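See below for the structure under consideration.
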Amino acid sequence: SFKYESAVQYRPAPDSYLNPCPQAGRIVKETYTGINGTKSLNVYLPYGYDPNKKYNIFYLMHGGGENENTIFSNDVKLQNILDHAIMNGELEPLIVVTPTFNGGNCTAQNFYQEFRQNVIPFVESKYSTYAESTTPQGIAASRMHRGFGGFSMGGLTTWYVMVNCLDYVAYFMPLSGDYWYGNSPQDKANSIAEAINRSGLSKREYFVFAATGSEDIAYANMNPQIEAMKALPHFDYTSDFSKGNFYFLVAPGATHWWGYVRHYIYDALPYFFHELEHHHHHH
């Protein structure tokens, strides 16, 4: 069974995990209408999905030039990794949603508004998450069971989601993207700190697992931000989320490509959703 490490290291999923698994989760293409017009997304349901059980949910955003289909396309194949990891007990079953910041007036920076108003209620009123209802109250009450992450421009999306949606989301996975709000790393960290202040949340109620590659140009602006965030009292640096709430995984030699980034998800996603979980697990 999964056990937290305090300084988890980069490790790719075995090559066999990139091939289809017999215990395949179902991927459902959905279309909805929101503040940015009619748009689509994909919903990965785990193998064995039972709508009378409750699942954690992770929303995962593509990068620049991509779309809601990329992550489950032949160019990434994340579903194969998810399938194999869940089958082998490395990852607890959960719902994974791949939306898009394309369409209408939407941008990577402003997607959080559509996320709050349209995406969460649409998805979580159709599929069984810990949200008993999808009113603002129902979404907020299930925040410990909701995560957001994304790559590149989708990492930027993640940071804007964090600063504007702490009330709705507890776990964040920014991959190869920095937060564009501010003229210095301190401005950036302070903005995040101010959001945490406003939320009233404790340090045991939000968690950030950031990652990039040592040869990924995102590192240049990410690293300084991470360092500034480390200096804040709001974050306790360690991958052991039973103790702290902030980690930055840097994959040696990895470049700005989903071929690597998919493994960051393999490495990090198993770390999410255990704190205050409703199951009796030892991690």
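A note on labels: chains of the structure tokens are A, B, ... as shown, every chain counts residues from 1, and ligands are counted from 1 in their shown order.
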
Residues within 9 Å of range 37-48 of chain A, please, as a PDB file with N, CA and C atoms, in the first residue's frame. Count only C-alpha atoms; anything in the same chain fewer than 4 positions from it doesn't count.
```pdb
ATOM      1  N   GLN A  23      -8.039  -3.606 -17.155  1.00  0.00           N
ATOM      2  CA  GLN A  23      -8.966  -3.019 -16.207  1.00  0.00           C
ATOM      3  C   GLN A  23      -9.062  -1.528 -16.558  1.00  0.00           C
ATOM      4  N   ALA A  24      -9.637  -1.241 -17.698  1.00  0.00           N
ATOM      5  CA  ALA A  24      -9.673   0.131 -18.213  1.00  0.00           C
ATOM      6  C   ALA A  24     -10.811   0.952 -17.670  1.00  0.00           C
ATOM      7  N   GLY A  25     -10.478   2.130 -17.150  1.00  0.00           N
ATOM      8  CA  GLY A  25     -11.508   3.093 -16.755  1.00  0.00           C
ATOM      9  C   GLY A  25     -12.209   3.573 -17.996  1.00  0.00           C
ATOM     10  N   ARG A  26     -13.446   4.010 -17.854  1.00  0.00           N
ATOM     11  CA  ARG A  26     -14.217   4.524 -18.957  1.00  0.00           C
ATOM     12  C   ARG A  26     -13.998   6.021 -19.100  1.00  0.00           C
ATOM     13  N   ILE A  27     -13.755   6.467 -20.317  1.00  0.00           N
ATOM     14  CA  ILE A  27     -13.608   7.889 -20.555  1.00  0.00           C
ATOM     15  C   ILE A  27     -14.819   8.427 -21.304  1.00  0.00           C
ATOM     16  N   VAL A  28     -15.488   9.378 -20.678  1.00  0.00           N
ATOM     17  CA  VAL A  28     -16.747   9.929 -21.218  1.00  0.00           C
ATOM     18  C   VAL A  28     -16.530  11.354 -21.712  1.00  0.00           C
ATOM     19  N   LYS A  29     -16.844  11.612 -22.990  1.00  0.00           N
ATOM     20  CA  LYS A  29     -16.788  12.938 -23.566  1.00  0.00           C
ATOM     21  C   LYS A  29     -18.082  13.628 -23.204  1.00  0.00           C
ATOM     22  N   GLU A  30     -17.992  14.799 -22.556  1.00  0.00           N
ATOM     23  CA  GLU A  30     -19.149  15.573 -22.127  1.00  0.00           C
ATOM     24  C   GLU A  30     -19.130  16.936 -22.759  1.00  0.00           C
ATOM     25  N   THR A  31     -20.329  17.497 -22.932  1.00  0.00           N
ATOM     26  CA  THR A  31     -20.482  18.839 -23.477  1.00  0.00           C
ATOM     27  C   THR A  31     -21.435  19.603 -22.572  1.00  0.00           C
ATOM     28  N   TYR A  32     -21.093  20.848 -22.260  1.00  0.00           N
ATOM     29  CA  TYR A  32     -21.885  21.654 -21.351  1.00  0.00           C
ATOM     30  C   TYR A  32     -21.837  23.094 -21.827  1.00  0.00           C
ATOM     31  N   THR A  33     -22.720  23.920 -21.277  1.00  0.00           N
ATOM     32  CA  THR A  33     -22.750  25.335 -21.635  1.00  0.00           C
ATOM     33  C   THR A  33     -22.505  26.153 -20.385  1.00  0.00           C
ATOM     34  N   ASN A  67      -5.873  20.827 -26.054  1.00  0.00           N
ATOM     35  CA  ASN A  67      -7.310  20.859 -25.849  1.00  0.00           C
ATOM     36  C   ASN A  67      -7.721  19.725 -24.891  1.00  0.00           C
ATOM     37  N   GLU A  68      -9.011  19.640 -24.631  1.00  0.00           N
ATOM     38  CA  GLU A  68      -9.582  18.721 -23.628  1.00  0.00           C
ATOM     39  C   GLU A  68      -9.333  17.261 -23.981  1.00  0.00           C
ATOM     40  N   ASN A  69      -8.915  16.995 -25.202  1.00  0.00           N
ATOM     41  CA  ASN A  69      -8.650  15.623 -25.627  1.00  0.00           C
ATOM     42  C   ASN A  69      -7.201  15.199 -25.564  1.00  0.00           C
ATOM     43  N   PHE A  72      -5.665  12.352 -22.923  1.00  0.00           N
ATOM     44  CA  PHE A  72      -6.109  10.991 -23.118  1.00  0.00           C
ATOM     45  C   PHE A  72      -5.888  10.583 -24.586  1.00  0.00           C
ATOM     46  N   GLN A  79      -4.407   7.788 -19.382  1.00  0.00           N
ATOM     47  CA  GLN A  79      -5.352   6.796 -18.915  1.00  0.00           C
ATOM     48  C   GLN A  79      -4.716   5.434 -18.736  1.00  0.00           C
ATOM     49  N   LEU A  82      -2.988   5.683 -15.341  1.00  0.00           N
ATOM     50  CA  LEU A  82      -4.051   5.641 -14.325  1.00  0.00           C
ATOM     51  C   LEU A  82      -4.591   4.215 -14.147  1.00  0.00           C
ATOM     52  N   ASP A  83      -4.891   3.571 -15.269  1.00  0.00           N
ATOM     53  CA  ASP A  83      -5.488   2.234 -15.203  1.00  0.00           C
ATOM     54  C   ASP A  83      -4.564   1.278 -14.493  1.00  0.00           C
ATOM     55  N   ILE A  86      -4.040   2.102 -10.684  1.00  0.00           N
ATOM     56  CA  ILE A  86      -5.219   1.762  -9.871  1.00  0.00           C
ATOM     57  C   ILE A  86      -5.343   0.220  -9.732  1.00  0.00           C
ATOM     58  N   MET A  87      -5.128  -0.470 -10.825  1.00  0.00           N
ATOM     59  CA  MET A  87      -5.210  -1.943 -10.788  1.00  0.00           C
ATOM     60  C   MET A  87      -4.176  -2.497  -9.829  1.00  0.00           C
ATOM     61  N   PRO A  93      -8.649   4.536  -6.414  1.00  0.00           N
ATOM     62  CA  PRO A  93      -9.510   4.959  -7.515  1.00  0.00           C
ATOM     63  C   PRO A  93     -10.058   6.358  -7.302  1.00  0.00           C
ATOM     64  N   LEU A  94     -10.070   7.122  -8.390  1.00  0.00           N
ATOM     65  CA  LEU A  94     -10.615   8.470  -8.394  1.00  0.00           C
ATOM     66  C   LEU A  94     -11.069   8.846  -9.793  1.00  0.00           C
ATOM     67  N   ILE A  95     -11.798   9.964  -9.892  1.00  0.00           N
ATOM     68  CA  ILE A  95     -12.276  10.527 -11.136  1.00  0.00           C
ATOM     69  C   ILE A  95     -11.242  11.581 -11.560  1.00  0.00           C
ATOM     70  N   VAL A  96     -10.915  11.565 -12.838  1.00  0.00           N
ATOM     71  CA  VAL A  96      -9.957  12.533 -13.421  1.00  0.00           C
ATOM     72  C   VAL A  96     -10.652  13.223 -14.554  1.00  0.00           C
ATOM     73  N   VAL A  97     -10.692  14.559 -14.506  1.00  0.00           N
ATOM     74  CA  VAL A  97     -11.397  15.328 -15.520  1.00  0.00           C
ATOM     75  C   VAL A  97     -10.391  16.166 -16.312  1.00  0.00           C
ATOM     76  N   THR A  98     -10.515  16.178 -17.627  1.00  0.00           N
ATOM     77  CA  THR A  98      -9.639  16.990 -18.465  1.00  0.00           C
ATOM     78  C   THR A  98     -10.475  18.018 -19.239  1.00  0.00           C
ATOM     79  N   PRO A  99     -10.570  19.236 -18.701  1.00  0.00           N
ATOM     80  CA  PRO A  99     -11.333  20.319 -19.319  1.00  0.00           C
ATOM     81  C   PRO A  99     -10.465  21.125 -20.266  1.00  0.00           C
ATOM     82  N   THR A 100     -10.942  22.280 -20.716  1.00  0.00           N
ATOM     83  CA  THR A 100     -10.113  23.093 -21.558  1.00  0.00           C
ATOM     84  C   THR A 100     -10.277  24.566 -21.210  1.00  0.00           C
ATOM     85  N   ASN A 102      -9.795  26.633 -23.685  1.00  0.00           N
ATOM     86  CA  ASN A 102     -10.167  27.190 -24.998  1.00  0.00           C
ATOM     87  C   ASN A 102     -11.649  27.547 -25.026  1.00  0.00           C
ATOM     88  N   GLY A 103     -12.050  28.370 -25.998  1.00  0.00           N
ATOM     89  CA  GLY A 103     -13.464  28.630 -26.217  1.00  0.00           C
ATOM     90  C   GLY A 103     -13.980  29.942 -25.689  1.00  0.00           C
ATOM     91  N   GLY A 104     -14.734  30.653 -26.540  1.00  0.00           N
ATOM     92  CA  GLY A 104     -15.332  31.895 -26.121  1.00  0.00           C
ATOM     93  C   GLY A 104     -14.276  32.871 -25.654  1.00  0.00           C
ATOM     94  N   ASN A 105     -14.563  33.450 -24.498  1.00  0.00           N
ATOM     95  CA  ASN A 105     -13.734  34.408 -23.793  1.00  0.00           C
ATOM     96  C   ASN A 105     -12.756  33.727 -22.828  1.00  0.00           C
ATOM     97  N   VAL A 119     -18.172  24.136 -14.515  1.00  0.00           N
ATOM     98  CA  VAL A 119     -17.541  22.831 -14.623  1.00  0.00           C
ATOM     99  C   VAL A 119     -17.819  21.957 -13.407  1.00  0.00           C
ATOM    100  N   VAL A 123     -20.039  18.560 -13.729  1.00  0.00           N
ATOM    101  CA  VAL A 123     -19.448  17.248 -13.556  1.00  0.00           C
ATOM    102  C   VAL A 123     -19.928  16.534 -12.303  1.00  0.00           C
ATOM    103  N   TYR A 127     -21.625  12.757 -11.760  1.00  0.00           N
ATOM    104  CA  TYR A 127     -20.769  11.712 -11.265  1.00  0.00           C
ATOM    105  C   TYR A 127     -20.611  11.850  -9.752  1.00  0.00           C
TER     106      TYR A 127
END
```

Excluding same-chain residues fewer than 2 positions from residue 80 in chain A, what lies within 7 Å of it counting only C-alpha atoms, as an mmCIF file with N, CA, C and O atoms, in the first residue's frame?
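Output contents, as saved in out-v3.cif:
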```
data_model
loop_
_atom_site.group_PDB
_atom_site.id
_atom_site.type_symbol
_atom_site.label_atom_id
_atom_site.label_comp_id
_atom_site.auth_asym_id
_atom_site.auth_seq_id
_atom_site.Cartn_x
_atom_site.Cartn_y
_atom_site.Cartn_z
ATOM 1 N N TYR A 17 3.340 0.416 -18.400
ATOM 2 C CA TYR A 17 2.179 1.201 -17.973
ATOM 3 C C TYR A 17 1.692 2.097 -19.102
ATOM 4 O O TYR A 17 0.628 2.652 -18.993
ATOM 5 N N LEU A 18 2.470 2.261 -20.176
ATOM 6 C CA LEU A 18 2.021 3.117 -21.280
ATOM 7 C C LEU A 18 1.134 2.379 -22.280
ATOM 8 O O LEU A 18 0.614 2.965 -23.206
ATOM 9 N N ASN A 19 0.989 1.067 -22.089
ATOM 10 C CA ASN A 19 0.151 0.241 -22.942
ATOM 11 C C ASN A 19 -1.196 -0.002 -22.290
ATOM 12 O O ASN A 19 -1.293 0.080 -21.060
ATOM 13 N N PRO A 20 -2.261 -0.270 -23.053
ATOM 14 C CA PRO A 20 -3.577 -0.469 -22.467
ATOM 15 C C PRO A 20 -3.612 -1.554 -21.408
ATOM 16 O O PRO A 20 -2.953 -2.589 -21.547
ATOM 17 N N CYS A 21 -4.333 -1.297 -20.332
ATOM 18 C CA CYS A 21 -4.550 -2.214 -19.241
ATOM 19 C C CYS A 21 -5.911 -2.885 -19.378
ATOM 20 O O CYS A 21 -6.860 -2.262 -19.823
ATOM 21 N N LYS A 77 -1.472 9.448 -23.360
ATOM 22 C CA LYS A 77 -1.930 8.159 -22.870
ATOM 23 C C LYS A 77 -1.990 8.083 -21.361
ATOM 24 O O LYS A 77 -1.712 7.044 -20.761
ATOM 25 N N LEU A 78 -2.350 9.174 -20.724
ATOM 26 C CA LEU A 78 -2.372 9.157 -19.255
ATOM 27 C C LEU A 78 -3.314 8.091 -18.689
ATOM 28 O O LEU A 78 -3.067 7.583 -17.613
ATOM 29 N N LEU A 82 -2.988 5.683 -15.341
ATOM 30 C CA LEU A 82 -4.051 5.641 -14.325
ATOM 31 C C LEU A 82 -4.591 4.215 -14.147
ATOM 32 O O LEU A 82 -4.708 3.719 -13.031
ATOM 33 N N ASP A 83 -4.891 3.571 -15.269
ATOM 34 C CA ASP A 83 -5.488 2.234 -15.203
ATOM 35 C C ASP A 83 -4.564 1.278 -14.493
ATOM 36 O O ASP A 83 -4.973 0.563 -13.588
ATOM 37 N N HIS A 84 -3.328 1.218 -14.961
ATOM 38 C CA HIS A 84 -2.369 0.290 -14.363
ATOM 39 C C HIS A 84 -2.091 0.591 -12.900
ATOM 40 O O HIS A 84 -1.990 -0.312 -12.053
#
```

Nearby residues (only C-alpha atoms) at most 12 Å from residue 195 in chain A, same-chain spacing under 5 positions excluded, as a PyMOL selection string: chain A and resi 159-167+188-190+200-201+206+234

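Note that the spacing between CA of residue 145 in chain A and CA of residue 57 in chain A amounts to 6.4 Å.
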
Report as a Markdown table the residues of range 6-59 of chain A within 9 Å of range 247-253 of chain A, each with its shortest atom pair and distance in Å (one decimal), using only C-alpha atoms, ordered by chain and increasing residue number.
```
| residue | atom | partner | partner_atom | distance |
| --- | --- | --- | --- | --- |
| A:6 | CA | A:247 | CA | 9.0 |
| A:7 | CA | A:247 | CA | 8.0 |
| A:8 | CA | A:249 | CA | 7.5 |
| A:9 | CA | A:249 | CA | 6.9 |
| A:10 | CA | A:251 | CA | 5.3 |
| A:11 | CA | A:251 | CA | 8.2 |
```

Could you check the closest approach to residue 157 in chain A for each of A:254, A:173, A:108, A:268 and tell me which residue wins, using only C-alpha atoms? A:108

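Taking CA of residue 276 in chain A and CA of residue 232 in chain A as endpoints, the distance between them is 24.0 Å.
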
Which of range 211-259 of chain A end up as helix (DSSP H, G or I) when DSSP is run on this backbone - answer as a list in words?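 Taking range 211-259 of chain A and keeping helix (DSSP H, G or I) gives residues 219, 220, 221, 222, 223, 224, 225, 226, 227, 228, 229, 230, 258 and 259 of chain A.
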
Based on the backbone DSSP call, show me all residues of range 28-276 of chain A assigned strand (DSSP E), as a JSON list (two decimals) with N, CA, C and O atoms, in the first residue's frame.
```
[["chain", "number", "residue", "atom", "x", "y", "z"],
["A", 28, "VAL", "N", -15.49, 9.38, -20.68],
["A", 28, "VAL", "CA", -16.75, 9.93, -21.22],
["A", 28, "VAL", "C", -16.53, 11.35, -21.71],
["A", 28, "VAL", "O", -16.07, 12.20, -20.97],
["A", 29, "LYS", "N", -16.84, 11.61, -22.99],
["A", 29, "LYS", "CA", -16.79, 12.94, -23.57],
["A", 29, "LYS", "C", -18.08, 13.63, -23.20],
["A", 29, "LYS", "O", -19.15, 13.09, -23.48],
["A", 30, "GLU", "N", -17.99, 14.80, -22.56],
["A", 30, "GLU", "CA", -19.15, 15.57, -22.13],
["A", 30, "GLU", "C", -19.13, 16.94, -22.76],
["A", 30, "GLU", "O", -18.05, 17.44, -23.13],
["A", 31, "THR", "N", -20.33, 17.50, -22.93],
["A", 31, "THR", "CA", -20.48, 18.84, -23.48],
["A", 31, "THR", "C", -21.43, 19.60, -22.57],
["A", 31, "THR", "O", -22.45, 19.06, -22.09],
["A", 32, "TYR", "N", -21.09, 20.85, -22.26],
["A", 32, "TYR", "CA", -21.88, 21.65, -21.35],
["A", 32, "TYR", "C", -21.84, 23.09, -21.83],
["A", 32, "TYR", "O", -21.06, 23.42, -22.70],
["A", 33, "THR", "N", -22.72, 23.92, -21.28],
["A", 33, "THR", "CA", -22.75, 25.33, -21.64],
["A", 33, "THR", "C", -22.50, 26.15, -20.39],
["A", 33, "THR", "O", -23.15, 25.95, -19.37],
["A", 34, "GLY", "N", -21.59, 27.11, -20.45],
["A", 34, "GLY", "CA", -21.24, 27.88, -19.28],
["A", 34, "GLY", "C", -20.99, 29.33, -19.68],
["A", 34, "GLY", "O", -21.42, 29.75, -20.75],
["A", 37, "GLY", "N", -19.57, 29.81, -23.09],
["A", 37, "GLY", "CA", -20.29, 29.15, -24.16],
["A", 37, "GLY", "C", -20.26, 27.63, -24.06],
["A", 37, "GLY", "O", -19.94, 27.08, -23.01],
["A", 38, "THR", "N", -20.63, 26.98, -25.14],
["A", 38, "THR", "CA", -20.67, 25.54, -25.20],
["A", 38, "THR", "C", -19.27, 24.98, -25.38],
["A", 38, "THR", "O", -18.56, 25.31, -26.34],
["A", 39, "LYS", "N", -18.89, 24.10, -24.45],
["A", 39, "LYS", "CA", -17.58, 23.52, -24.46],
["A", 39, "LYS", "C", -17.65, 22.05, -24.05],
["A", 39, "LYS", "O", -18.66, 21.58, -23.56],
["A", 40, "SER", "N", -16.54, 21.36, -24.24],
["A", 40, "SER", "CA", -16.45, 19.95, -23.90],
["A", 40, "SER", "C", -15.32, 19.65, -22.91],
["A", 40, "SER", "O", -14.41, 20.43, -22.74],
["A", 41, "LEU", "N", -15.40, 18.46, -22.33],
["A", 41, "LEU", "CA", -14.34, 17.96, -21.45],
["A", 41, "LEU", "C", -14.42, 16.43, -21.46],
["A", 41, "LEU", "O", -15.37, 15.86, -21.98],
["A", 42, "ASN", "N", -13.38, 15.78, -20.95],
["A", 42, "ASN", "CA", -13.43, 14.33, -20.77],
["A", 42, "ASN", "C", -13.43, 13.97, -19.31],
["A", 42, "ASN", "O", -12.72, 14.61, -18.51],
["A", 43, "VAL", "N", -14.19, 12.93, -18.95],
["A", 43, "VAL", "CA", -14.24, 12.40, -17.61],
["A", 43, "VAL", "C", -13.71, 10.95, -17.61],
["A", 43, "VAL", "O", -14.27, 10.08, -18.27],
["A", 44, "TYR", "N", -12.60, 10.73, -16.91],
["A", 44, "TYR", "CA", -12.12, 9.40, -16.63],
["A", 44, "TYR", "C", -12.75, 8.88, -15.37],
["A", 44, "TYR", "O", -12.60, 9.46, -14.29],
["A", 45, "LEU", "N", -13.45, 7.74, -15.52],
["A", 45, "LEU", "CA", -14.01, 7.02, -14.38],
["A", 45, "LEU", "C", -13.13, 5.80, -14.10],
["A", 45, "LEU", "O", -12.72, 5.12, -15.03],
["A", 56, "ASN", "N", -12.81, 10.66, -4.92],
["A", 56, "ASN", "CA", -12.10, 11.91, -5.07],
["A", 56, "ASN", "C", -12.02, 12.30, -6.52],
["A", 56, "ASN", "O", -12.16, 11.43, -7.42],
["A", 57, "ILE", "N", -11.80, 13.61, -6.76],
["A", 57, "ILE", "CA", -11.80, 14.12, -8.10],
["A", 57, "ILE", "C", -10.64, 15.11, -8.35],
["A", 57, "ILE", "O", -10.34, 15.98, -7.53],
["A", 58, "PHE", "N", -9.97, 14.88, -9.48],
["A", 58, "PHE", "CA", -8.82, 15.65, -9.86],
["A", 58, "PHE", "C", -9.04, 16.20, -11.25],
["A", 58, "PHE", "O", -9.22, 15.45, -12.17],
["A", 59, "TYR", "N", -8.99, 17.53, -11.36],
["A", 59, "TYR", "CA", -9.16, 18.23, -12.62],
["A", 59, "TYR", "C", -7.76, 18.57, -13.12],
["A", 59, "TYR", "O", -6.94, 19.09, -12.37],
["A", 60, "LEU", "N", -7.51, 18.30, -14.40],
["A", 60, "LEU", "CA", -6.17, 18.34, -14.93],
["A", 60, "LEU", "C", -6.18, 19.07, -16.27],
["A", 60, "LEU", "O", -6.81, 18.61, -17.23],
["A", 61, "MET", "N", -5.42, 20.16, -16.33],
["A", 61, "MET", "CA", -5.42, 21.05, -17.51],
["A", 61, "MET", "C", -4.24, 20.90, -18.45],
["A", 61, "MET", "O", -3.08, 20.83, -18.04],
["A", 94, "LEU", "N", -10.07, 7.12, -8.39],
["A", 94, "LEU", "CA", -10.61, 8.47, -8.39],
["A", 94, "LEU", "C", -11.07, 8.85, -9.79],
["A", 94, "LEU", "O", -10.76, 8.17, -10.76],
["A", 95, "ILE", "N", -11.80, 9.96, -9.89],
["A", 95, "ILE", "CA", -12.28, 10.53, -11.14],
["A", 95, "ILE", "C", -11.24, 11.58, -11.56],
["A", 95, "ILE", "O", -10.77, 12.33, -10.73],
["A", 96, "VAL", "N", -10.91, 11.56, -12.84],
["A", 96, "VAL", "CA", -9.96, 12.53, -13.42],
["A", 96, "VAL", "C", -10.65, 13.22, -14.55],
["A", 96, "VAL", "O", -11.18, 12.58, -15.46],
["A", 97, "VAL", "N", -10.69, 14.56, -14.51],
["A", 97, "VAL", "CA", -11.40, 15.33, -15.52],
["A", 97, "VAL", "C", -10.39, 16.17, -16.31],
["A", 97, "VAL", "O", -9.51, 16.76, -15.70],
["A", 98, "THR", "N", -10.52, 16.18, -17.63],
["A", 98, "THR", "CA", -9.64, 16.99, -18.47],
["A", 98, "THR", "C", -10.48, 18.02, -19.24],
["A", 98, "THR", "O", -11.09, 17.70, -20.26],
["A", 146, "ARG", "N", -11.01, 17.30, -3.51],
["A", 146, "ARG", "CA", -11.01, 17.93, -4.84],
["A", 146, "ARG", "C", -9.59, 18.50, -5.08],
["A", 146, "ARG", "O", -9.00, 19.13, -4.21],
["A", 147, "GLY", "N", -9.07, 18.21, -6.26],
["A", 147, "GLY", "CA", -7.75, 18.71, -6.64],
["A", 147, "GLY", "C", -7.73, 19.26, -8.04],
["A", 147, "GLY", "O", -8.62, 19.00, -8.85],
["A", 148, "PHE", "N", -6.73, 20.09, -8.32],
["A", 148, "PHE", "CA", -6.54, 20.75, -9.61],
["A", 148, "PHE", "C", -5.06, 20.72, -9.95],
["A", 148, "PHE", "O", -4.21, 21.02, -9.10],
["A", 149, "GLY", "N", -4.73, 20.38, -11.19],
["A", 149, "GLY", "CA", -3.37, 20.46, -11.65],
["A", 149, "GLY", "C", -3.32, 20.73, -13.15],
["A", 149, "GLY", "O", -4.35, 20.80, -13.78],
["A", 150, "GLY", "N", -2.11, 20.85, -13.72],
["A", 150, "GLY", "CA", -2.04, 21.15, -15.14],
["A", 150, "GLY", "C", -0.62, 21.45, -15.54],
["A", 150, "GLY", "O", 0.21, 21.73, -14.70],
["A", 151, "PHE", "N", -0.39, 21.36, -16.86],
["A", 151, "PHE", "CA", 0.92, 21.51, -17.45],
["A", 151, "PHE", "C", 1.06, 22.79, -18.25],
["A", 151, "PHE", "O", 0.26, 23.09, -19.11],
["A", 171, "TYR", "N", -6.06, 20.43, -2.99],
["A", 171, "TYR", "CA", -4.84, 19.85, -3.53],
["A", 171, "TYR", "C", -4.53, 20.42, -4.90],
["A", 171, "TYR", "O", -5.39, 20.46, -5.78],
["A", 172, "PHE", "N", -3.28, 20.86, -5.06],
["A", 172, "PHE", "CA", -2.82, 21.54, -6.27],
["A", 172, "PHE", "C", -1.59, 20.90, -6.82],
["A", 172, "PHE", "O", -0.63, 20.64, -6.08],
["A", 173, "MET", "N", -1.59, 20.71, -8.14],
["A", 173, "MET", "CA", -0.46, 20.09, -8.84],
["A", 173, "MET", "C", -0.01, 20.90, -10.05],
["A", 173, "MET", "O", -0.27, 20.54, -11.17],
["A", 174, "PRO", "N", 0.65, 22.04, -9.82],
["A", 174, "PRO", "CA", 1.17, 22.84, -10.93],
["A", 174, "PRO", "C", 2.43, 22.18, -11.54],
["A", 174, "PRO", "O", 3.36, 21.90, -10.82],
["A", 175, "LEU", "N", 2.40, 21.92, -12.84],
["A", 175, "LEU", "CA", 3.48, 21.24, -13.53],
["A", 175, "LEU", "C", 4.05, 22.18, -14.60],
["A", 175, "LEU", "O", 3.34, 22.60, -15.50],
["A", 207, "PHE", "N", -2.62, 21.82, 0.03],
["A", 207, "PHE", "CA", -1.41, 21.09, -0.26],
["A", 207, "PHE", "C", -0.97, 21.37, -1.70],
["A", 207, "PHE", "O", -1.79, 21.37, -2.57],
["A", 208, "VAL", "N", 0.31, 21.60, -1.88],
["A", 208, "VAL", "CA", 0.84, 21.93, -3.20],
["A", 208, "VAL", "C", 1.97, 20.96, -3.53],
["A", 208, "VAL", "O", 2.97, 20.90, -2.80],
["A", 209, "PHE", "N", 1.81, 20.22, -4.60],
["A", 209, "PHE", "CA", 2.85, 19.32, -5.08],
["A", 209, "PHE", "C", 3.17, 19.82, -6.48],
["A", 209, "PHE", "O", 2.47, 19.51, -7.45],
["A", 210, "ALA", "N", 4.22, 20.64, -6.57],
["A", 210, "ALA", "CA", 4.66, 21.19, -7.85],
["A", 210, "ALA", "C", 5.71, 20.31, -8.48],
["A", 210, "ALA", "O", 6.42, 19.59, -7.79],
["A", 211, "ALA", "N", 5.85, 20.35, -9.80],
["A", 211, "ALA", "CA", 6.93, 19.59, -10.42],
["A", 211, "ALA", "C", 7.35, 20.21, -11.75],
["A", 211, "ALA", "O", 6.57, 20.86, -12.41],
["A", 212, "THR", "N", 8.58, 19.91, -12.13],
["A", 212, "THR", "CA", 9.05, 20.21, -13.47],
["A", 212, "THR", "C", 10.26, 19.37, -13.78],
["A", 212, "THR", "O", 10.70, 18.55, -12.97],
["A", 213, "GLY", "N", 10.85, 19.57, -14.94],
["A", 213, "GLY", "CA", 12.08, 18.85, -15.30],
["A", 213, "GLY", "C", 13.30, 19.77, -15.18],
["A", 213, "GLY", "O", 13.16, 21.01, -15.32],
["A", 246, "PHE", "N", 3.83, 21.02, 1.17],
["A", 246, "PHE", "CA", 4.44, 21.69, 0.00],
["A", 246, "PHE", "C", 5.66, 20.94, -0.49],
["A", 246, "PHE", "O", 6.56, 20.62, 0.27],
["A", 247, "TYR", "N", 5.71, 20.62, -1.79],
["A", 247, "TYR", "CA", 6.88, 19.93, -2.30],
["A", 247, "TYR", "C", 7.09, 20.35, -3.76],
["A", 247, "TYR", "O", 6.16, 20.70, -4.44],
["A", 248, "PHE", "N", 8.34, 20.29, -4.20],
["A", 248, "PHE", "CA", 8.71, 20.64, -5.59],
["A", 248, "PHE", "C", 9.60, 19.56, -6.14],
["A", 248, "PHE", "O", 10.78, 19.45, -5.74],
["A", 249, "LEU", "N", 9.05, 18.72, -7.01],
["A", 249, "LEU", "CA", 9.78, 17.63, -7.61],
["A", 249, "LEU", "C", 10.44, 18.10, -8.92],
["A", 249, "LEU", "O", 9.80, 18.61, -9.79],
["A", 250, "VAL", "N", 11.76, 17.90, -9.03],
["A", 250, "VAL", "CA", 12.49, 18.29, -10.22],
["A", 250, "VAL", "C", 13.12, 17.03, -10.81],
["A", 250, "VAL", "O", 13.98, 16.40, -10.17],
["A", 251, "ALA", "N", 12.66, 16.64, -11.99],
["A", 251, "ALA", "CA", 13.08, 15.41, -12.65],
["A", 251, "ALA", "C", 14.39, 15.65, -13.39],
["A", 251, "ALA", "O", 14.42, 16.41, -14.33]]
```

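Reported to one decimal place, the separation of CA of residue 225 in chain A from CA of residue 182 in chain A is 10.5 Å.
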
Would you please work out which residue, of A:223, A:88, A:113, A:52, is nearest to residue 178 in chain A when using only C-alpha atoms? A:223
